[PDB]
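Fold the following.
(chains A, B, C and D, ligands or ions: 4)
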Amino acid sequence: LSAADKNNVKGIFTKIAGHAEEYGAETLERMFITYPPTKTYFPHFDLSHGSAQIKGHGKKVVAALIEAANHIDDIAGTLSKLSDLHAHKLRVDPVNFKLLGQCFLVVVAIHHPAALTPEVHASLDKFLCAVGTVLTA
Amino acid sequence: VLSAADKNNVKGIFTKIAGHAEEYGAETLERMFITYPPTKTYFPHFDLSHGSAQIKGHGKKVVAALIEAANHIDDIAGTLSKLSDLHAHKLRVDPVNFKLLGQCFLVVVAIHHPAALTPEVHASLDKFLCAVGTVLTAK
Amino acid sequence: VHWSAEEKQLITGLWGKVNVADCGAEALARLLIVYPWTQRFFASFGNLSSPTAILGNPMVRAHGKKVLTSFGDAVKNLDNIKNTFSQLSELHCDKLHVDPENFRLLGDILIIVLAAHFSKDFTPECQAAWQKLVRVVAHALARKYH
Amino acid sequence: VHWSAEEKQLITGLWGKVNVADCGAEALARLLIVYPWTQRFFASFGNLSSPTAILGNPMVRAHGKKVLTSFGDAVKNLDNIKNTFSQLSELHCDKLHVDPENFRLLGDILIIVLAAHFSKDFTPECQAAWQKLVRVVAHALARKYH
Ligand code: HEM
Ligand code: HEM
Ligand code: HEM
Ligand code: HEM
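Numbering: from 1, shown residues only, chains lettered A, B, ... in the order given. Ligands and ions are numbered 1, 2, ... in the order given. Provided below are the atomic coordinates:
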């Protein structure tokens, strides 16, 4: 991750930070609807539209991303506990991290399209790939 | 993220690889070029017939870079930093190709050292090759 | 693949509002900028040396319009996608040797461009239908590898 | 896909020397060990808690033999692989939802297992033919996704 990349990710996340539950909930709803097999990891959830578990969980996902943004120089260190959960406990297939990242970028483009320039898009993709790599370790 | 056991497994099997850099590298490239013919498009300047001198010289350099990454397994990005610029910026190697080369290398190791390539050693060597691939594609 | 009447409606309805030239130019530009190894296939286009040069490159803009236009040929005949793209498959597979993973990446980028262009009208159900469309086109483009 | 005379001879010739039970167990165990997220599909098999436990697990070894046996049904008639695997495609796609990238990973592991079993008899040309076969089987297995 370059320094321009870090500033680019910090940049859009000032637009994201205010809306963690809203954007996190929409990111998950798009994933479950666009890629239905992803629902098999949440058999304990109510997955109907607007359910409280999705909103609760969506807020935590984006809050973890914000923490990775606020500590972008050592993201592996900020998200250490989540790796054991996703790789060891949940055995999330690594392909699913690309699907969620795609849904997150769709949410960003919908709400802040002028801010999601090609260069910002490039940097956010690198950020999301790095997070996915850490959660699959 | 290479664990402590991972690094032990990688250095262990790399002790049998050292000293056969030219032979194993040449065989890894020949396997890639015949198994995955599109990979030849990165080498238009090469004589790519079997046993050609360019392949043997290039194969030796590839395995030598792996051995140097193994000897500095705690900081692979720093050891292979100028190679990243060559592959990602100058050559524009599609990232799918590093998996093809890594596959061919494990095939060579299995052919010559099958008893050393236990499931655990295979797992660790796969992580090492994927880390090298990440570095060489990171532009 | 089987298309529900609602999926047909979501696809044809959004297509009529797509700015083919602008969206196509932007999707190809983002491919080259976000996934820079793809620039290797496009040296005939000249200056791809910066994001500015790529987005201002006339051949990139013209090519992107052609790419999105072909996506429209799938919209027009959703049950015939396999045959519509058979000649393009020979080109990309036999002649250009584009790895099919890159077809997926272009599709994902196009979805993000459509979300930017349509904002909240790009509903989750719309995205699911269009993701299905780009997945089916990419499958048809890869046919000649098998 | 077309099969050359040499490719058919390389595939059928090697197949007659494969230890289906031993190679099959080894390939399935390596999948679970090298790519541990795949263990999520096999909780019914019991103790997968370490490489040792996995390699010695009887259901894993039994299942590996069945998996390699079906590969042999591809070897027997290479021009009918699509139909041969159609019911297994329903199982893996419609029922199990295994992502097809995992079919590629099992195929690559099998090539390494075959290399280990045959040493230098596994020539570059033989590897090329067997990689083609595992790619064609994986394609046939994913058919019900498209
Ligand atoms: C950017 C990528 C991701 C981030 C930042 C992330 C973050 C998180 C967080 C913060 C938690 C809750 C931890 C806790 O409360 O102890 C969690 C749990 C979970 N994650 Fe993820 N996650 C990501 C990707 C994924 C993906 C791709 C899947 C599967 C498709 C997934 C499935 C789950 C499940 C099932 C849980 C447990 C939910 C519960 O029981 O409350 N996650 N993740
Ligand atoms: C483990 C992965 C790889 C390693 C360790 C590696 C290592 C090397 C080394 C040491 C060089 C020579 C650099 C120099 O002389 O300054 C090189 C060059 C090169 N590599 Fe790689 N490489 C890898 C993957 C790949 C792949 C996957 C491709 C294409 C499919 C590729 C294509 C090339 C080409 C075309 C050159 C230029 C060779 C020449 O002009 O002599 N490399 N690589
Ligand atoms: C589903 C995805 C894609 C579709 C529908 C598509 C469509 C097209 C179309 C319609 C052409 C027309 C050629 C012409 O009008 O002259 C073309 C050519 C071409 N495509 Fe694609 N394309 C896709 C993905 C890709 C990707 C991912 C790459 C490379 C990474 C690529 C590389 C090329 C190249 C190099 C040409 C030739 C351009 C020229 O020489 O003028 N395509 N494609
Ligand atoms: C790539 C080529 C593959 C082939 C040819 C193949 C073949 C088979 C065969 C013959 C069966 C027997 C079904 C039965 O006896 O009931 C089976 C079952 C199964 N396969 Fe595959 N398989 C492949 C890949 C995979 C992969 C990559 C996964 C998971 C990551 C997987 C997961 C399963 C599971 C979970 C079962 C059910 C086992 C049980 O419940 O007894 N398969 N497959």
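
Give the burial count for the residue lying closest to residue A:125 once chain neighbours are set aside, as a bare number.
Using Cβ to Cβ, 6 or more residues apart in numbering or on different chains and skipping residues adjacent in sequence, the residue nearest residue A:125 is residue C:34, 5.6 Å away. Yep, even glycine has a C-beta here, placed from its N, CA and C like the rest. A total of 21 residues lie near residue C:34 under the criterion other Cβ atoms under 10 Å in any protein chain shown.

For ligand 3, see how far away residue C:20 is.
According to Cβ to the nearest ligand atom, to the nearest Å, residue C:20 stands 12 Å off from ligand 3.

hang on, the earlier thing: give the contact list for the residue nearest to residue A:125.
A:118, A:121-122, A:125, C:109 (Cβ atoms under 8 Å, 6 or more residues apart in numbering or on different chains).

Of the residues you listed, which is the most crowded?
residue C:109 (25 neighbours).

so that one touches residue C:32, yeah?
No: between residue C:109 and residue C:32 there is no contact under Cβ atoms under 8 Å: 10.0 Å.

the inter-axis angle of the helix or strand harbouring residue A:125 versus helix B:119-137?
Secondary-structure element containing residue A:125, defined by DSSP states H and E: helix A:118-135. Counting by axes from the mean of the first three to the mean of the last three Cα atoms, to 10 degrees, helix A:118-135 lies at 160 degrees to helix B:119-137.

If you count contacts, what does helix A:118-135 end up packed against?
In terms of contacts (3 or more Cβ pairs under 8 Å, 6 or more residues apart in numbering or on different chains; DSSP states H and E), helix A:118-135 is packed against helix A:3-16, helix A:52-70, helix A:75-78, helix A:80-83, helix A:95-111, helix C:20-34, helix C:51-55.

Out of those helices, which is closest to residue C:80?
helix C:20-34 (20.1 Å; Cβ to Cβ).

Can you check what angle separates the closest one from helix A:118-135?
Using the same axes, to 10 degrees: helix C:20-34 against helix A:118-135 is 50 degrees.

Check which residues of helix C:20-34 are buried.
C:20, C:23-34 (16 or more other Cβ atoms under 10 Å in any protein chain shown).

What segments of chain C are helices?
Secondary structure of chain C by DSSP state H: the helices cover C:5-15, C:20-34, C:51-55, C:58-76, C:81-84, C:86-89, C:101-118, C:124-141.

could you dump the ones you listed to JSON lines with distance to residue D:41?
Shown next, in JSON lines, are the helices of chain C (distance: least, Cβ to Cβ, whole Å):
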{"stretch": "helix C:5-15", "distance to residue D:41": "29"}
{"stretch": "helix C:20-34", "distance to residue D:41": "32"}
{"stretch": "helix C:51-55", "distance to residue D:41": "42"}
{"stretch": "helix C:58-76", "distance to residue D:41": "33"}
{"stretch": "helix C:81-84", "distance to residue D:41": "31"}
{"stretch": "helix C:86-89", "distance to residue D:41": "32"}
{"stretch": "helix C:101-118", "distance to residue D:41": "23"}
{"stretch": "helix C:124-141", "distance to residue D:41": "23"}
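
closest one to residue A:55 among these?
That would be helix C:124-141 among the helices of chain C, by Cβ to Cβ, at 14.9 Å.

which secondary structure elements does the closest one contact?
Using 3+ Cβ pairs under 8 Å, 6+ apart, helix C:124-141 sits against helix A:20-34, helix C:5-15, helix C:58-76, helix C:81-84, helix C:86-89, helix C:101-118.

Adding distance to residue D:88, write those out as a markdown table.
Compiled in a markdown table, the helices and strands packed on helix C:124-141 are given as follows (distance: least, Cβ to Cβ, whole Å):
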| stretch | distance to residue D:88 |
| --- | --- |
| helix A:20-34 | 26 |
| helix C:5-15 | 28 |
| helix C:58-76 | 29 |
| helix C:81-84 | 23 |
| helix C:86-89 | 26 |
| helix C:101-118 | 24 |
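
Could you pull up the contacting residues of residue C:66?
Counting by Cβ under 8 Å, 6+ apart, residue C:66 has contacts residue C:24.

The closest residue to residue C:86 other than its chain neighbours: neighbouring residues, count only.
Nearest non-adjacent residue to residue C:86, counting by Cβ to Cβ, 6+ apart: residue C:143, 6.7 Å away. Neighbourhood size, residue C:143 [other Cβ under 10 Å]: 17.

pretty sure residue C:143 is touching residue C:82, no?
Yes: counting by Cβ under 8 Å, residue C:82 is a contact partner of residue C:143 at 6.7 Å.

what's the distance between the nearest residue to residue A:16 once chain neighbours are set aside and residue A:109?
Excluding the flanking residues, the one nearest residue A:16 by Cβ to Cβ, 6+ apart is residue A:23, at 6.1 Å. Distance, residue A:23 to residue A:109, by Cβ to Cβ, to the nearest Å: 12 Å.

hmm, the helix holding residue A:125 in reach of ligand 1?
Yes: against ligand 1, helix A:118-135 shows contacts by Cβ under 6 Å from any ligand atom at A:131, A:135.

what's in contact with that helix?
By Cβ under 8 Å, 6+ apart, helix A:118-135 touches A:1-2, A:4-6, A:8-9, A:11-12, A:65, A:68-69, A:72, A:75-76, A:79, A:82-83, A:86-87, A:92, A:94, A:97-98, A:101, A:104-105, A:108, A:116, B:134, C:26, C:29-30, C:33-34, C:51, C:55, C:112.

now the residues you listed: which count as buried?
Judged by 16+ other Cβ under 10 Å, buried ones among the contacts of helix A:118-135: A:1, A:5-6, A:8-9, A:12, A:65, A:68-69, A:72, A:75-76, A:79, A:82-83, A:86-87, A:92, A:94, A:97-98, A:101, A:104-105, A:108, A:116, B:134, C:26, C:29-30, C:33-34, C:51, C:55, C:112.
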